[PDB]
Amino acid sequence: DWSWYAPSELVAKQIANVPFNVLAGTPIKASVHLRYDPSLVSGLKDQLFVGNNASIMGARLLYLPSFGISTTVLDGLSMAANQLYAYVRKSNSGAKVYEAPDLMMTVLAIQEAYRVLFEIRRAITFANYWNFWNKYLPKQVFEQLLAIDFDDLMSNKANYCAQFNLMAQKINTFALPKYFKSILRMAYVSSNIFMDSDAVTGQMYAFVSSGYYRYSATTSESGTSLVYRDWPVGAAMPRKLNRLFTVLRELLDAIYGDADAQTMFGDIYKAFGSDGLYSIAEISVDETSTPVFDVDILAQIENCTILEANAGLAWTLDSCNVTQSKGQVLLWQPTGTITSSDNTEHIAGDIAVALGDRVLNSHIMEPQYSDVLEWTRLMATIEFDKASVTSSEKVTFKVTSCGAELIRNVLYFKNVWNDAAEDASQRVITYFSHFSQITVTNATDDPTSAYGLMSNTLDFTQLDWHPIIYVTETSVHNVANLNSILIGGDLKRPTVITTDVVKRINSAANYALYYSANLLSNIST
Amino acid sequence: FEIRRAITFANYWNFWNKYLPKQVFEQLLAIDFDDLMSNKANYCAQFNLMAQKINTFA
Amino acid sequence: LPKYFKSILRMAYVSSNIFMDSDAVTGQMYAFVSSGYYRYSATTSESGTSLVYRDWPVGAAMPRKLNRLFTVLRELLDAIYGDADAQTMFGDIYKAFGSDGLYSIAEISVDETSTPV
């Protein structure tokens with residue numbers, strides 16, 4: 001009750017009305033007075049440290065589009081395929097012109113095409129959101145959170161805006177059935193930007209594909225299949241849309257290049273109809289979208305699992321394509337490698353890490369089965385291959401299971417300011433900090449030591465709802481002489497899921513996404 | 001006019017004629033589609049300007 | 001920027017239109033054109049923050065394209081934003097003026113077209 005500390009209705013409004021004159025992005029000029037003996041400290045100028053970092057902007061969730069780890073005539077995705085196929089061939093009098101997968105393959109190709117077009121839409125839409133209190137927003141966010149050359153977009157928006165609308169109309173003439181629950185997800189994920197609070201000043205997360213999928217009936221003997229080419233993205237050069245369309249064109253002109261695929265498009269309109277197909281909407285003259293405050297999404301974050309569990313190491317990732325052997329089974333299971341920051345070839349004296357039995361945290365006291373399902377699949381399981389290794393080896397791994405997204409690596413950014421501008425465009429640097437999900441007591445944000453595992457630049461706490469950080473402690477540091485692990489993150493109502501219990505859920509969850517059958521006990525058009 | 005035609009028809013798409021959008025332009029009208037797509041908005045606005053100029057010619 | 005500065009209204013009107021010397025379109029017409037611009041800089045003079053004027057390369061040299069005109073505005077604003085102090089000021093202003101106590105320039109419609117006055 002403030003009424004207490006107020007001697008006068010006035011005197012209060014008089015010395016309490018402090019200003020909140022710090023726009024998110026400007027530096028937090030906080031200061032720390034300190035006293036020491038200059039003789040015993042390796043060079044430290046004054047005894048007053050003025051702040052200089054701005055509140056964190058947000059975090060980039062580099063994810064690898066997922067269809068659900070599948071390697072069986074039964075692992076869901078294939079089931080789904082047969083499912084769909086049946087409904088198309090259902091009341092069709094032609095002859096077997098392509099097996100179940102051949103079809104399914106085509107569809108997904110179309111889906112993934114949209115996943116690009118959508119991120120593009122997002123780019124154009126958000127170029128209109130400006131807020132007097134977040135100087136990050138307009139520009140800086142694009143360049144760091146979405147990895148899109150803003151300066152380039154600004155110069156040629158109108159053209160891109162109109163180009164998008166054209167593509168949209170093209171895409172809307174491609175046989176993708178509007179009933180695939182999976183689409184709705186991917187659409188929502190790459191269409192918005194989520195806030196971590198109902199406040200605009202707060203930080204915000206964003207999802208960004210780490211690449212795309214091309215269609216190709218030449219790449220593997222077994223038949224048509226989808227190849228994944230990496231988005232040159234890992235903090236390299238913040239890409240311009242120019243490049244983003246050129247790739248979509250490649251993508252669709254590729255789906256169109258297979259006579260078989262087209263013959264399929266046909267079979268689909270035959271069985272679904274004018275409006276049985278997905279349609280992405282154009283963009284008006286006014287359109288402008290806004291950052292959203294979706295709690296469910298934050299939860300997904302907090303709980304998720306980062307593949308690159310610790311940026312202090314070097315990660316790989318191959319065999320991300322999706323193939324099909326003996327005309328009836330779909331295949332996809334990405335595999336990677338883990339080496340040290342020095343010998344990109346060996347692992348040496350560093351330590352590979354992945355989490356198994358993990359935590360699950362609910363911000364609601366009475367979590368319902370519903371809330372679980374949703375807050376889950378964003379978390380995945382990674383299993384090592386050999387049981388043991390040598391410094392001269394590589395540490396190989398597969399992905400047991402995961403959600404529809406699969407978070408690869410995560411970075412957050414802040415502005416650091418500089419009074420003495422030796423330049424001008426050099427007096428407001430935007431720097432990143434790697435976010436490691438697994439770490440060790442006494443780690444440092446210097447790749448340098450700590451068995452090759454970095455700690456996190458402590459300012460990450462600014463992200464209310466950040467992923468659970470699991471820190472391991474040597475039996476030494478532990479008060480119980482038995483080694484274990486410490487938990488980090490705003491816990492409220494926690495609980496634990498088994499490696500196996502998690503796999504089992506996604507195995508299901510993903511299947512649900514591409515599930516069709518529910519259009520087999522009743523027919524349309 | 002042929003220019004107007006070019007800009008206008010860049011919006012017609014039909015699920016049953018994969019020729020239409022592109023291919024037709026390149027062969028039937030002899031107009032670089034890939035080029036138009038990249039810079040439509042600019043051409044659209046340019047056309048409208050010219051139109052106003054032409055409409056001031058006797 | 002506070003919407004109450006009478007000075008703004010002037011400069012706005014002066015560089016927004018083109019004036020005729022008669023009610024006739026055939027007549028001749030005058031126009032106002034800045035000979036340059038002003039940058040913000042807290043480094044240029046010891047005494048403190050200050051505004052520097054760089055000549056528009058204009059005196060019947062090469063008739064400039066907008067490409068160049070935006071690039072300079074970007075410089076201009078990214079410059080005002082570069083002073084931590086200045087931002088801390090922006091804040092103090094919203095605190096005392098409010099959402100609509102500030103100046104606002106209006107966008108341009110699909111139809112918009114202005115006329116010589």
# chains A, B, ... in the order shown; residues from 1 in each chain; ligands from 1

call {"tool": "closest_atom_pairs", "arguments": {"of": "chain B", "to": "chain A", "cutoff": "7 Å", "atoms": "only C-alpha atoms", "output": "Markdown table"}}
result
| residue | atom | partner | partner_atom | distance |
| --- | --- | --- | --- | --- |
| B:11 | CA | A:166 | CA | 6.6 |
| B:13 | CA | A:170 | CA | 6.6 |
| B:14 | CA | A:173 | CA | 6.5 |
| B:15 | CA | A:173 | CA | 4.4 |
| B:37 | CA | A:163 | CA | 5.9 |
| B:38 | CA | A:163 | CA | 6.4 |
| B:39 | CA | A:159 | CA | 5.3 |
| B:40 | CA | A:159 | CA | 6.1 |
| B:41 | CA | A:159 | CA | 4.9 |
| B:42 | CA | A:159 | CA | 6.5 |

call {"tool": "residues_around", "arguments": {"residues": "residue 344 (chain A)", "least_positions_apart": "2", "cutoff": "10 Å", "atoms": "only C-alpha atoms", "output": "PyMOL selection string"}}
result
chain A and resi 313-315+338-342+346-347+394

call {"tool": "residues_around", "arguments": {"residues": "region 102-113 of chain C", "least_positions_apart": "5", "cutoff": "6 Å", "atoms": "only C-alpha atoms", "output": "PDB file with N, CA, C and O atoms, in the first residue's frame"}}
result
ATOM      1  N   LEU C   1       9.549  14.986 -31.431  1.00  0.00           N
ATOM      2  CA  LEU C   1       9.393  16.396 -31.797  1.00  0.00           C
ATOM      3  C   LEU C   1       7.994  16.927 -31.467  1.00  0.00           C
ATOM      4  O   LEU C   1       7.016  16.564 -32.118  1.00  0.00           O
ATOM      5  N   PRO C   2       7.889  17.820 -30.471  1.00  0.00           N
ATOM      6  CA  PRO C   2       6.627  18.426 -30.022  1.00  0.00           C
ATOM      7  C   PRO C   2       5.795  19.170 -31.084  1.00  0.00           C
ATOM      8  O   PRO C   2       6.258  20.132 -31.689  1.00  0.00           O
ATOM      9  N   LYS C   3       4.551  18.726 -31.276  1.00  0.00           N
ATOM     10  CA  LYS C   3       3.649  19.297 -32.283  1.00  0.00           C
ATOM     11  C   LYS C   3       3.298  20.769 -32.127  1.00  0.00           C
ATOM     12  O   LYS C   3       2.622  21.337 -32.986  1.00  0.00           O
TER      13      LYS C   3
END

call {"tool": "interface_residues", "arguments": {"of": "chain C", "to": "chain A", "cutoff": "8 Å", "atoms": "only C-alpha atoms", "output": "ChimeraX atom specification"}}
result
/C:43,79,82-84,87-92,95

call {"tool": "write_last_selection", "arguments": {"atoms": "N, CA, C and O atoms", "output": "mmCIF file, in the first residue's frame"}}
result
data_model
loop_
_atom_site.group_PDB
_atom_site.id
_atom_site.type_symbol
_atom_site.label_atom_id
_atom_site.label_comp_id
_atom_site.auth_asym_id
_atom_site.auth_seq_id
_atom_site.Cartn_x
_atom_site.Cartn_y
_atom_site.Cartn_z
ATOM 1 N N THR C 43 30.395 15.021 -31.149
ATOM 2 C CA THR C 43 31.828 14.823 -31.270
ATOM 3 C C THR C 43 32.525 16.012 -31.947
ATOM 4 O O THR C 43 33.647 16.363 -31.577
ATOM 5 N N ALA C 79 21.853 9.365 -36.900
ATOM 6 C CA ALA C 79 22.784 10.249 -36.199
ATOM 7 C C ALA C 79 22.177 10.783 -34.906
ATOM 8 O O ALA C 79 22.851 10.872 -33.888
ATOM 9 N N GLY C 82 22.191 8.075 -32.420
ATOM 10 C CA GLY C 82 23.500 7.698 -31.907
ATOM 11 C C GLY C 82 23.970 8.304 -30.597
ATOM 12 O O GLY C 82 25.008 7.903 -30.067
ATOM 13 N N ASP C 83 23.228 9.268 -30.066
ATOM 14 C CA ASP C 83 23.616 9.902 -28.812
ATOM 15 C C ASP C 83 22.770 9.363 -27.673
ATOM 16 O O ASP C 83 21.586 9.677 -27.570
ATOM 17 N N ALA C 84 23.375 8.544 -26.824
ATOM 18 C CA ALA C 84 22.656 7.987 -25.687
ATOM 19 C C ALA C 84 21.870 9.107 -25.005
ATOM 20 O O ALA C 84 20.685 8.955 -24.703
ATOM 21 N N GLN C 87 18.591 10.162 -26.678
ATOM 22 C CA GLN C 87 17.488 9.231 -26.459
ATOM 23 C C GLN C 87 16.911 9.431 -25.081
ATOM 24 O O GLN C 87 15.696 9.530 -24.920
ATOM 25 N N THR C 88 17.785 9.490 -24.084
ATOM 26 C CA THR C 88 17.346 9.711 -22.717
ATOM 27 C C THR C 88 16.463 10.965 -22.716
ATOM 28 O O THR C 88 15.621 11.140 -21.842
ATOM 29 N N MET C 89 16.641 11.824 -23.718
ATOM 30 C CA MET C 89 15.840 13.040 -23.837
ATOM 31 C C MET C 89 14.480 12.706 -24.427
ATOM 32 O O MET C 89 13.442 13.114 -23.905
ATOM 33 N N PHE C 90 14.497 11.973 -25.535
ATOM 34 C CA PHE C 90 13.271 11.553 -26.196
ATOM 35 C C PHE C 90 12.310 11.116 -25.111
ATOM 36 O O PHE C 90 11.149 11.518 -25.092
ATOM 37 N N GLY C 91 12.820 10.290 -24.204
ATOM 38 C CA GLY C 91 12.004 9.796 -23.114
ATOM 39 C C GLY C 91 11.377 10.926 -22.325
ATOM 40 O O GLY C 91 10.150 11.033 -22.231
ATOM 41 N N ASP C 92 12.224 11.785 -21.765
ATOM 42 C CA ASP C 92 11.759 12.908 -20.963
ATOM 43 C C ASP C 92 10.657 13.703 -21.643
ATOM 44 O O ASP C 92 9.810 14.306 -20.976
ATOM 45 N N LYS C 95 7.252 11.820 -21.672
ATOM 46 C CA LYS C 95 6.829 11.939 -20.274
ATOM 47 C C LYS C 95 6.039 13.209 -20.036
ATOM 48 O O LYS C 95 5.066 13.215 -19.276
#

call {"tool": "select_by_dssp", "arguments": {"residues": "region 338-382 of chain A", "states": "helix (DSSP H, G or I)", "output": "number ranges by chain"}}
result
A: 369-376

call {"tool": "atom_distance", "arguments": {"atom1": "CA of residue 197 (chain A)", "atom2": "CA of residue 146 (chain A)"}}
result
19.6 Å
